[PDB]
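[1] PDB entry and its sequence, pasted below:
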Amino acid sequence: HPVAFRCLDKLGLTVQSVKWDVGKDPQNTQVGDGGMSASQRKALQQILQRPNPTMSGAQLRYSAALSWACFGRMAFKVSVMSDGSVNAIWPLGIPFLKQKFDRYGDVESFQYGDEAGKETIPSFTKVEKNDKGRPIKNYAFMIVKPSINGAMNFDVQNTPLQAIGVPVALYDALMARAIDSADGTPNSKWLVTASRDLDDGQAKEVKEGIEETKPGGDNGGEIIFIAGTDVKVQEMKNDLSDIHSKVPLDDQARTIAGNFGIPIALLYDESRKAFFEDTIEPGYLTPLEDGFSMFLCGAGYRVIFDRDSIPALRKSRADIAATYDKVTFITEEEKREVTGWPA
Amino acid sequence: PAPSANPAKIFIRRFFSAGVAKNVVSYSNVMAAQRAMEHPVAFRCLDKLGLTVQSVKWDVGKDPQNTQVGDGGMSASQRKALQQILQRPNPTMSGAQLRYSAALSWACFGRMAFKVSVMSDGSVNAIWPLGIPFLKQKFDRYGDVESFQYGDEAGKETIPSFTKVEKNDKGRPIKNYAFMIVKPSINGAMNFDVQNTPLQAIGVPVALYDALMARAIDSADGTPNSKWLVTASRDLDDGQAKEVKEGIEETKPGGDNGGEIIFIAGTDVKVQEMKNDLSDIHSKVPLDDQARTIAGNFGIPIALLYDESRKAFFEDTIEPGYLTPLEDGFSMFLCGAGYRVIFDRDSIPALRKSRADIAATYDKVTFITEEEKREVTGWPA
Amino acid sequence: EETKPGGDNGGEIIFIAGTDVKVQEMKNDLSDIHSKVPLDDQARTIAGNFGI
């Protein structure tokens, strides 16, 4: 669909542009830092910049955000070698990913595919852990978006596609009407009709006289003179200027755009800032980074992305930094930490 | 390191079959991209994207996230050679045209393919782009490609993929190989998936546009452009009807009696003036909408076809949709860690004022050391 | 019929000798099917009741 694909790859592109890194977390109350080795952390940095061969981190972000927007789920697979050192990360196709539950309340394994290949990858909950807590073998994530009535994993998906069936169907109906009416409506003017007493044989002469005034004819642009036997011309309107129903179409476009959380103006700069720090930041960035931080590294360290890598926020960050510079009743370290810049 | 066992074996089992050299794009997509290069709006947008991308300047450089103290610029002479090649690829083609062709094929098909000729020591000799339409690839048994077939029958070079190739003792390849940079889509299937291109979702508007323009052309020539459908009666002695006709006619600009009245004695003749509106033949309203649709689907602010909108087009669709994928694809396998291909943003003419104002504003701050004030605005060290 | 875009005689006049046929062009407005005015009001109401 035109509008739906435009919005989907807009979200994907915007998310795909942000830069990763692992770093100390701000709320580091855990003085017993969980960056278990500080070599696992270097390996995780490496992998976050270069996942599994034949795929870069940017494409990982793009696919993850796209599948999150379409289904409200995010799945992955890791290959930690033997000591919490992650080897590579693969995204999982949500459509054909099945999962199996435990007896108490949660998942244990993920089945990926129907019949030939049948790898039941273990969940992060049950897996051979290190003596510190890090896993030793492969596992999967299945990051999930919450909904009503809890049912943390037994619940129904929460995706924008739930509430745009009506507008997308209406849009397709209107556009099909437009296409059908574009070719099928006669595009001729001058429905000219003679009488039933004209000696069919000088009616042809009258027709040739009327016709040979087209641009590039014998007598082009001159009058038509008819001696006797009044012929009667009527000019057809052929409006054809509302075939797509402009008014009840832009509304469906606005609906299936706003349901994805995109300011209409995008399809001024204030609205770009809004689209960035209203739907992209707290709807794709925070869930993804919290999901990764939850189980990819120990406490005290977690995955972060640099906001100053977003080109739309640079002016705002600079003005905020200057204004804070002007204040005095604040020590330097907090003036830093209120605007990034850890220490 | 490399475990060789990815979870993409879900498709080679039965959903696909090995050793067949399946083509990368459906023929329908090739024809659509072909005839979309003649359409007015589609070609305008396509070469707009191509020109914009083609303008940016390359260089190899230290990467910012250099945690790898064991720098992978294996020789520092391979890096000089890669710089040379990035500025001058294979003879009879410059780096700019490489960027243009790459971005264009990325926009049309969602794929990017290349070929390298590293001599014997990771020193790349030249780089050639690969025509996506007639490039076929063959898969392994586990999850990925091994070789690329280029052409149907006479010439049959199965160039190896970067995955399997005679590597150096450091990791760099020794013989030729290919890339096939791919754009992701739903349901994963990293290479077994369907293309993800704007041409998917603009069939309806381009067909509607062509229909409206064909109607306009047909109606332009074919509608009589005459006025004054004047008709006499069936009692006028055909022979003074000709006299009346000559009287009416000889008032055209540059006639005997031009501009004077017409006097008809008896036998009332009756003139009616035809409107011949002809001012909406192209259907202006349901045409600009199709143009807006097939422009926005390519990610181009309507205003382009003010300066704020140019900045938006630069750092919203060109930067994170053609620049980052291309540079990450090259950096992924053209050089070792610690070094990677970068392009200078300050070479873009639209961003210069913004960069300067940001630099000054940051200059005004004090609770920030100089090196980070630099690195937040380019300027590595 | 054969004056549609891509027909034999496309865009030229229609000549009917005798037996006057009568055409009327249907409006087919179809530009208020969703009732734009008494719909945005319901949207405004169920948005403001949520405090947005």
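    Done, it's in. Numbers count the residues shown, from 1 in each chain, chains lettered A, B, ... in the order given.

[2] what's the closest non-adjacent residue to the closest residue to chain B within the stretch 201-343 of chain A?
    Going by Cβ to the nearest Cβ, chain B is nearest to residue A:228 of the stretch 201-343 of chain A, at 3.2 Å. No exception for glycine: its C-beta is placed from N, CA and C like everyone else's. Leaving aside its chain neighbours, residue A:228 sits nearest to residue B:234 (3.2 Å; criterion: Cβ to Cβ, 6 or more residues apart in numbering or on different chains).

[3] who touches the one you found in this structure?
    Residue B:234 makes contact with A:227, A:228, A:229, according to Cβ atoms under 8 Å, 6 or more residues apart in numbering or on different chains.

[4] measure it to chain C for me?
    Look at residue B:234 and chain C: by Cβ to the nearest Cβ, to the nearest Å, they are 16 Å apart.

[5] what is the distance between stretch A:332-343 and the centre of its chain?
    33 Å (Cα atoms, centre = their mean, to the nearest Å).

[6] and that stretch, end to end?
    Terminal residues of stretch A:332-343 lie 10 Å apart, using Cα to Cα, to the nearest Å.

[7] secondary structure element holding residue A:77?
    strand A:76-78 (DSSP states H and E).

[8] each with direction, which strands does the helix or strand that that strand is followed by pair with?
    Using DSSP H and E, the helix or strand that follows strand A:76-78 in sequence is strand A:89-91. As defined by DSSP bridges, the strand partners of strand A:89-91 come to strand A:76-78 (antiparallel).

[9] next one: the partner strand to chain centre, how far?
    With Cα atoms, centre = their mean as the basis, strand A:76-78 stands 22 Å off its chain's centre.

[10] break down the stretch 201-343 of chain A into its helices, ranges please.
    A:247-258, A:269-275, A:286-294, A:314-326, A:332-337 (DSSP state H, counting those that start in this stretch).

[11] pull the CA atoms of the second one into PDB?
    Included here for helix A:269-275 are C-alpha records, laid out as PDB according to Å, rounded to 0.1, in the frame of the first residue of the first chain:
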ATOM      1  CA  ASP A 269      11.300  21.800  11.700                       C
ATOM      2  CA  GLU A 270       9.400  21.900  15.000                       C
ATOM      3  CA  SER A 271       7.300  19.100  13.600                       C
ATOM      4  CA  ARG A 272      10.400  17.100  12.700                       C
ATOM      5  CA  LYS A 273      11.600  17.600  16.300                       C
ATOM      6  CA  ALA A 274       8.200  16.400  17.500                       C
ATOM      7  CA  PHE A 275       8.300  13.300  15.300                       C
END
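
[12] how far does that helix sit from its chain's centre?
    Relative to its parent chain, helix A:269-275 has a centroid offset of 17 Å by Cα atoms, centre = their mean.

[13] can I get stretch A:241-257 as CSV, trimmed to CA atoms?
    Extracted C-alpha coordinates of stretch A:241-257, given in CSV (Å, rounded to 0.1, in the frame of the first residue of the first chain):
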residue,chain,number,x,y,z
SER,A,241,-11.6,16.3,-11.8
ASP,A,242,-12.7,14.4,-8.7
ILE,A,243,-12.2,10.8,-9.7
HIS,A,244,-10.1,9.9,-6.7
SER,A,245,-12.4,11.8,-4.3
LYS,A,246,-9.8,14.1,-2.9
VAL,A,247,-11.6,15.0,0.3
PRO,A,248,-12.6,11.5,1.5
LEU,A,249,-9.1,10.3,0.6
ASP,A,250,-6.7,12.7,2.3
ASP,A,251,-8.7,11.9,5.5
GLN,A,252,-7.9,8.2,5.2
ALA,A,253,-4.3,9.1,4.5
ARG,A,254,-4.2,11.3,7.6
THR,A,255,-5.8,8.5,9.7
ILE,A,256,-3.4,5.8,8.6
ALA,A,257,-0.5,8.2,9.1
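
[14] in the stretch 1-150 of chain A, which spans are helices?
    Taking DSSP H, counting those that start in this stretch, the helices of the stretch 1-150 of chain A run over residues A:2-16, A:40-49, A:57-71.

[15] can I get the first one as PDB, trimmed to CA atoms?
    This file holds the C-alpha atoms of helix A:2-16, laid out as PDB (Å, rounded to 0.1, in the frame of the first residue of the first chain):
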ATOM      1  CA  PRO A   2       1.400   3.500  -0.800                       C
ATOM      2  CA  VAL A   3       0.800   5.300   2.400                       C
ATOM      3  CA  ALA A   4       1.400   2.300   4.700                       C
ATOM      4  CA  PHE A   5       4.700   1.500   3.100                       C
ATOM      5  CA  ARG A   6       5.800   5.100   3.100                       C
ATOM      6  CA  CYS A   7       5.100   5.400   6.800                       C
ATOM      7  CA  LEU A   8       6.700   2.000   7.600                       C
ATOM      8  CA  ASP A   9       9.900   2.600   5.900                       C
ATOM      9  CA  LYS A  10      10.000   6.200   7.300                       C
ATOM     10  CA  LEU A  11      10.000   4.700  10.800                       C
ATOM     11  CA  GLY A  12      12.500   2.100   9.700                       C
ATOM     12  CA  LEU A  13      14.900   4.700   8.200                       C
ATOM     13  CA  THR A  14      14.600   7.000  11.100                       C
ATOM     14  CA  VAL A  15      15.400   4.300  13.700                       C
ATOM     15  CA  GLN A  16      18.100   2.800  11.500                       C
END
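
[16] what angle separates it from helix B:203-220?
    Angle of helix A:2-16 versus helix B:203-220, following axes from the mean of the first three to the mean of the last three Cα atoms, to 10 degrees, is 130 degrees.

[17] helix/strand/coil for residue A:171?
    Following DSSP: H, G, I helix; E, B strand; the rest coil, residue A:171 is assigned to helix.

[18] and stretch A:13-32, end to end?
    38 Å.

[19] what of stretch A:99-111?
    Termini of stretch A:99-111 sit 6 Å apart (Cα to Cα).

[20] that one: how far from the chain's middle?
    For stretch A:99-111, the separation from the chain centroid amounts to 30 Å (computed by Cα atoms, centre = their mean).

[21] one more: stretch A:148-155?
    So, by Cα atoms, centre = their mean, the centroid of stretch A:148-155 is 24 Å from its chain's centroid.

[22] now stretch A:315-335
    Using Cα atoms, centre = their mean, the offset of stretch A:315-335 from its chain centre is 35 Å.

[23] and it, end to end?
    For stretch A:315-335, the end-to-end distance is 18 Å (Cα to Cα).

[24] also stretch A:301-314?
    26 Å.

[25] do the same with stretch A:296-304
    Start and end residues of stretch A:296-304 are separated by 12 Å (Cα to Cα).

[26] could I have the CA atoms of stretch A:217-233 written out in CSV?
    Extracted C-alpha coordinates of stretch A:217-233, given in CSV (Å, rounded to 0.1, in the frame of the first residue of the first chain):
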residue,chain,number,x,y,z
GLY,A,217,-6.2,20.5,-40.9
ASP,A,218,-7.2,22.1,-44.2
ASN,A,219,-9.4,24.8,-42.7
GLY,A,220,-8.2,24.9,-39.2
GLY,A,221,-9.7,27.5,-36.9
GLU,A,222,-12.3,28.9,-39.3
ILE,A,223,-16.1,29.0,-38.9
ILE,A,224,-18.5,26.2,-39.8
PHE,A,225,-21.2,27.2,-42.3
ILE,A,226,-24.2,24.9,-42.7
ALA,A,227,-26.7,25.8,-45.4
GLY,A,228,-30.1,24.5,-44.3
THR,A,229,-30.8,21.4,-42.2
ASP,A,230,-29.8,22.8,-38.8
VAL,A,231,-27.4,20.5,-37.0
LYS,A,232,-27.3,20.6,-33.2
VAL,A,233,-24.0,20.4,-31.2
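
[27] residue A:177 in helix, strand or coil?
    Taking three-state DSSP as the rule, one finds residue A:177 in the helix state.
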